[PDB]
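Naming convention: chains lettered A, B, ... in sequence-line order (proteins, then strands); numbering from 1 in each chain.
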Amino acid sequence: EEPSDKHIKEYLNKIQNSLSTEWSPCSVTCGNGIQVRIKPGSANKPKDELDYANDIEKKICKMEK
Amino acid sequence: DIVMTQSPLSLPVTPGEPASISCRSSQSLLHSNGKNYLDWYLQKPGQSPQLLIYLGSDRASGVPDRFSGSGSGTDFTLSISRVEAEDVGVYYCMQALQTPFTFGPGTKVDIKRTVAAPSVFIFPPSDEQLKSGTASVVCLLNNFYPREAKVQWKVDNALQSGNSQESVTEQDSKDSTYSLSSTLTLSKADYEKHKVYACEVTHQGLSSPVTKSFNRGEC
Amino acid sequence: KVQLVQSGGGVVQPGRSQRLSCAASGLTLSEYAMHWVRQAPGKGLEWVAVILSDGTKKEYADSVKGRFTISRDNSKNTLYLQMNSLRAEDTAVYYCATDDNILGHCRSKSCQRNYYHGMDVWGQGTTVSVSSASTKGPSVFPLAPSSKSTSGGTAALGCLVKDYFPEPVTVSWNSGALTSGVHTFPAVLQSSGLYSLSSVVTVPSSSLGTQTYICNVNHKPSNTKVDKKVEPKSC
C-alpha cells in the first residue's frame with residue numbers, strides 16, 4: 001500500500017545530500033517503496049531548513065513483487 | 001463532471017503591466033489531504049501545452065517567477081507580474097481532483113500595443129479561376145491591432161451570408177500586429193450577376209467602417 | 001533530454017481505427033500514470049483517458065468510452081491509444097502526458113498524502129484527421145496587385161492556394177529569396193472537405209514592373225509543386 005511516514009523519513013536520512021530536485025531512486029528493490037525530491041519551488045532553500053511536509057514531494061514506486 | 005470557467009476569455013496586456021486570470025470550479029477542489037487540485041497550463045502558438053502551476057500554488061520546474069497561482073476551494077487566480085512576448089498564448093486551468101479531469105475554456109493573452117488600423121486591400125478573382133467555374137474574392141486586413149475586427153461582404157450593397165471564411169495570423173513578434181483574410185466564394189454564374197463587390201471593415205482604429213470595393217471586370 | 005515521442009496518426013476515414021504511440025526517452029514510463037489529452041482544431045483541451053503505472057484502472061472520457069482503449073508496455077517505455085469507430089468529432093491533435101500519481105491515490109481512493117504534481121511532461125502531439133476526402137493537390141491562383149491593394153508606395157500581392165487535401169502545403173516566394181512582409185495564413189477547411197489558404201506579401205509598388213514575383217507551392221502528400229508568377233495590374 002502506501003509507504004509510511006517512518007519509511008519515507010528513514011529513506012531521506014539514508015540518501016542525505018544526494019536528495020535533489022530530481023526524483024530519487026526507489027527506496028526498495030521489491031514491492032512498493034517511495035521516491036522523493038525537493039519540490040521545484042523549494043530549490044533555493046538551504047538543505048538544513050527543508051521541511052518534510054512542505055518542501056519534499058513524494059511518489060510511490062512499484063517494483064516487482 | 002466538474003465544470004471549469006475562466007474570465008476574461010481575451011486578455012491583452014500592455015508591456016510592463018501585470019495580468020490576472022480567474023478560474024472557477026463547480027465543486028470544491030480542496031481535498032481532505034489539504035491540497036487544492038487545480039493546475040494551470042500554457043499553450044504557446046503551435047506548441048504542446050506546458051505546466052505552469054500545480055496544486056493551486058506550486059510552480060512547476062523551469063517556470064519563471066512572474067507566474068503565481070493563488071486560491072482555494074472553487075476560486076483560483078493565475079497572476080503574471082509581467083507578460084513578455086514569449087508568454088503569449090492560451091492559458092487553461094484544469095481540475096485534477098477526480099476524473100474526468102476537466103479544463104477551463106482558455107484565456108488568450110496577447111501583447112497590448114498602440115491601436116493600429118488595418119490597411120484594407122481587395123483582390124478580384126483571377127481569370128484562370130473564373131474559367132474553372134468558381135470566383136474567390138479576397139479581402140486583406142494587414143498589420144492591425146487589436147485582433148478584434150468585423151469584416152462584412154456586400155455585393156451590390158447586399159450583405160452576404162454563409163459564403164465567406166476568415167483566417168488570421170498569430171501576433172507578430174516584432175510589431176505586435178495581426179493580419180486577416182476574408183475570402184468570399186461564389187459560383188461563376190452568381191459572380192457574373194453582380195457589379196459591385198465590397199469589403200466593409202469595422203475596427204477600433206477606424207473612426208467609421210472602411211469600405212474597399214471594385215466593379216466586376218474593371219480591373 | 002527528457003521527452004515523450006509520439007507517432008502514429010494521419011488521415012483516417014470515418015469508422016476506421018488508428019493506434020497512437022507515445023515513447024518515453026530520458027524517463028522510465030513505469031514511474032508514471034499516463035494520460036491522453038486532445039484538442040480539436042481551434043478548440044480547447046479535452047481530457048481523454050488515463051492508465052495507472054501497472055496498467056490497472058483504465059478510465060475514459062464519456063465521449064470516447066466504448067470506442068477508445070488505452071494500454072501500455074513499460075518494458076518498451078511506451079504508451080498507446082487504440083481508437084475505433086472514429087468520427088469527425090475525433091479529429092484533433094492528441095497529446096500524452098505524465099502523472100507522478102502512479103496508482104491513483106487521493107483522486108480514486110484514500111491517501112495519506114498527495115502524490116500528484118501536475119502533468120509535467122507532454123509529447124509533441126499527433127494529428128488525427130477523420131475524413132473521407134481523397135488526396136488532392138491545390139490549384140494556385142494569383143492575387144494580383146492593383147490600385148486596390150496598394151497604399152503609400154507599398155503593394156500587396158499573393159497566391160490563393162485552393163482545394164487541397166490533406167494538410168499541409170508550404171509556400172515560399174521567389175524560391176525563398178523573399179521573406180520580409182510575407183504572411184501565409186492558416187488553412188481553412190471548406191464545406192467540400194478540402195483546405196484552402198492564401199499567402200500574401202507586401203513589396204515596393206515601383207518594383208512590380210521589373211521584379212518578377214513567384215509563389216512556390218509544395219503539397220507533399222500529392223507530390224504537387226506549382227510555381228505561379230503573379231502579374232501586376234496598372235489599374
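Between the OG atom in C:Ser7 and the CG atom in C:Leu20 there is a gap of 8.5 Å [rounded to 0.5 Å]. Taken to the nearest 0.5 Å, the OG atom of A:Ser42 stands 8.0 Å off from the CG atom of A:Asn54. In this structure, SG on C:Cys96 lies 4.5 Å from CH2 on C:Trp36, to the nearest 0.5 angstrom. One distance of note links CG of C:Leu86 with CG of C:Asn84; it measures 7.5 Å at 0.5 Å rounding. A distance of 9.5 Å separates NZ in A:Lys9 from OG in A:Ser4, rounded to the nearest 0.5 Å. Going from atom CD of C:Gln112 over to atom CD1 of A:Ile8 covers 8.0 Å, rounded to the nearest 0.5 Å.
Checking side-chain atoms of C:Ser108 against main-chain N and O of C:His105 turns up no donor-acceptor pair under 3.5 Å. A donor-acceptor pair is defined here as one N or O able to donate and one able to accept, closer than 3.5 Å; no such pair exists between the side chain of C:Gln39 and the backbone of C:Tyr94. Side-chain atoms of B:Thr107 do not come within 3.5 Å of backbone N or O of B:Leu9 as any donor-acceptor pair. Between the side chain of C:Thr98 and the backbone N or O of C:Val121, at least one donor-acceptor pair lies under 3.5 Å. For C:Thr184 (side chain) and C:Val171 (main-chain N/O), no donor-acceptor pair under 3.5 Å exists by modelled atom type. Using a distance-only test at 3.5 Å, with no hydrogens or angles considered, no donor-acceptor pair links the side chain of C:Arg38 to the main chain of C:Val48. With B:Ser25 contributing its side chain and B:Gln27 its backbone, the two residues share a donor-acceptor pair below 3.5 Å. Not a single donor-acceptor pair under 3.5 Å links the side chain of B:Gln98 to the backbone N or O of C:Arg107. No donor-acceptor distance shorter than 3.5 angstrom exists from the side chain of B:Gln204 to the backbone of B:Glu148, with no hydrogens or angles considered. Under the 3.5 Å distance criterion, the side-chain polar atoms of C:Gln13 are left unmatched by any main-chain donor or acceptor of C:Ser131.
Judged by a 6.0 Å distance limit and a 45° cone about the ring axis, B:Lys112 is not positioned over the six-membered ring of B:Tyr145. Both the sub-6.0 Å distance and the 45° axial angle are satisfied by A:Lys58 relative to the ring of A:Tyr52. Both tests hold for C:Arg19 against C:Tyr80: distance to the six-membered ring centre under 6.0 Å, angle to the ring axis within 45°.
Between B:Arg113 and B:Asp175 there is no salt bridge, since no side-chain nitrogen of the basic residue lies less than 4.0 Å from a carboxylate oxygen of the acidic one. Note on B:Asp87 versus B:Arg82: no salt bridge recorded, every NZ/NE/NH1/NH2 to OD/OE distance being 4.0 Å or above. With respect to C:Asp54 and C:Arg72, no salt bridge is recorded, no charged nitrogen being found less than 4.0 Å from a carboxylate O. For the pair A:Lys39 and A:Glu57, the salt-bridge criterion is not met [side-chain N within less than 4.0 Å of a carboxylate O].
A pairwise comparison of heavy atoms in C:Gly118 and B:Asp39 identifies CA-OD2, 3.7 Å as the closest pair. Considering all non-hydrogen atoms of both residues, A:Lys59 and C:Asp100 come closest at NZ-OD1, 2.8 Å. Between C:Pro221 and C:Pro168, the shortest heavy-atom contact is CD-O, 4.1 Å. Closest of all the heavy-atom pairs between A:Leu50 and A:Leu19 is CD1-CD2, 4.1 Å. Closest approach of C:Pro41 to C:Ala92, counting heavy atoms only: CD-CA, 4.4 Å. Residue B:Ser48 comes nearest to C:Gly125 through the heavy atom pair OG-N, 4.2 Å, listed as atom of the first residue, atom of the second, then distance.
Residue-environment remark: NZ (C:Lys57) stays at or below the threshold of 12 foreign heavy atoms within 6.0 Å. Heavy atoms of other residues, nucleotides or ligands lying less than 6.0 angstrom from CZ of C:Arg16 number 12 at most. Counted within 6.0 Å of NZ on C:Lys43, heavy atoms from surrounding residues, nucleotides or ligands total 12 or fewer; the atom is thus considered open.
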(message) Show, in sequence, the C-alpha distance, side-chain angles and deciding distance for C:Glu31 and A:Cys61, and conclude whether the side chain to side chain contact (heavy atoms under 4.5 Å, CB included) test is met.
(response) CA-CA 6 Å; C:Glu31 295 176 5; A:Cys61 42; 5.7 Å; no
(request) Could you walk me through whether C:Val201 and C:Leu178 pass side chain to side chain contact (heavy atoms under 4.5 Å, CB included), step by step? (result) CA-CA 9 Å; C:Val201 59; C:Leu178 174 59; 3.9 Å; yes
(request) In sequence, state the C-alpha distance, the side-chain angles, and the governing distance for C:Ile51 and C:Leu79, and then conclude on side chain to side chain contact (heavy atoms under 4.5 Å, CB included). (result) CA-CA 9 Å; C:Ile51 181 168; C:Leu79 169 79; 3.8 Å; yes
(request) Tell me, with the steps shown, if B:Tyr37 and C:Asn114 meet side chain to side chain donor-acceptor pair (under 3.5 Å). (result) CA-CA 10 Å; B:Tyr37 281 92; C:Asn114 170 65; 2.6 Å; yes
(request) Show the numbers, then the answer: is there a side chain to side chain donor-acceptor pair (under 3.5 Å) between C:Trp47 and B:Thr102? (result) CA-CA 6 Å; C:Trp47 179 86; B:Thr102 46; over 6 Å; no
(request) Give the C-alpha distance, both sets of side-chain angles, the deciding distance and a yes or no for side chain to side chain contact (heavy atoms under 4.5 Å, CB included) between B:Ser28 and B:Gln95. (result) CA-CA 10 Å; B:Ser28 177; B:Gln95 65 88 16; over 6 Å; no
(request) Quick one: do B:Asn142 and B:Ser119 satisfy side chain to side chain donor-acceptor pair (under 3.5 Å)? Show the steps, please. (result) CA-CA 5 Å; B:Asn142 215 31; B:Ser119 294; over 6 Å; no
(request) Apply the test side chain to side chain donor-acceptor pair (under 3.5 Å) to residues B:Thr74 and B:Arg24: give CA-CA distance (whole Å), side-chain angles for both, the deciding distance (0.1 Å), then the verdict. (result) CA-CA 5 Å; B:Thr74 70; B:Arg24 312 296 314 285; 3.1 Å; yes
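Here the two rings, on C:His117 and A:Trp23, have centers that are under 6.0 Å apart. Between B:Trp40 and B:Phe76, the gap from one ring centroid to the other reaches at least 6.0 Å.
For the pair B:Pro100/C:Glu59, no side-chain contact is recorded, criterion being any heavy-atom separation below 4.5 Å from C-beta on. At a threshold of 4.5 Å between non-hydrogen side-chain atoms, the residues B:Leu141 and B:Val201 count as touching. Proximity of C:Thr135 to C:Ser222: side-chain heavy atoms (C-beta onward) are separated by under 4.5 Å at one or more points. With a 4.5 Å cut-off on side-chain heavy atoms, C:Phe185 and C:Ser196 do not count as touching. Using a 4.5 Å heavy-atom cutoff, the side chains of C:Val37 and C:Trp122 are in contact. Side-chain contact between C:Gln124 and B:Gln47 is absent, with no heavy atoms from C-beta onward closer than 4.5 Å. Put simply, the side chain of C:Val182 reaches to within 4.5 Å of the side chain of C:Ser199, judged on heavy atoms. Counting heavy atoms from C-beta on, the side chains of A:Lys62 and C:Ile102 come closer than 4.5 Å.
Using the six-membered ring where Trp is involved, C:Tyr164 and C:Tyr195 have ring planes that are tilted, between 30° and 60° apart. Classification of the A:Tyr11-A:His7 ring pair by plane angle, with boundaries at 30° and 60°, yields parallel. Taking the six-membered ring where the residue is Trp, B:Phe144 and B:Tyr178 present tilted rings, their angle falling between 30° and 60°.
Side chains of C:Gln6 and C:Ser21: a donor-acceptor N/O pair is absent below 3.5 angstrom, by distance only.
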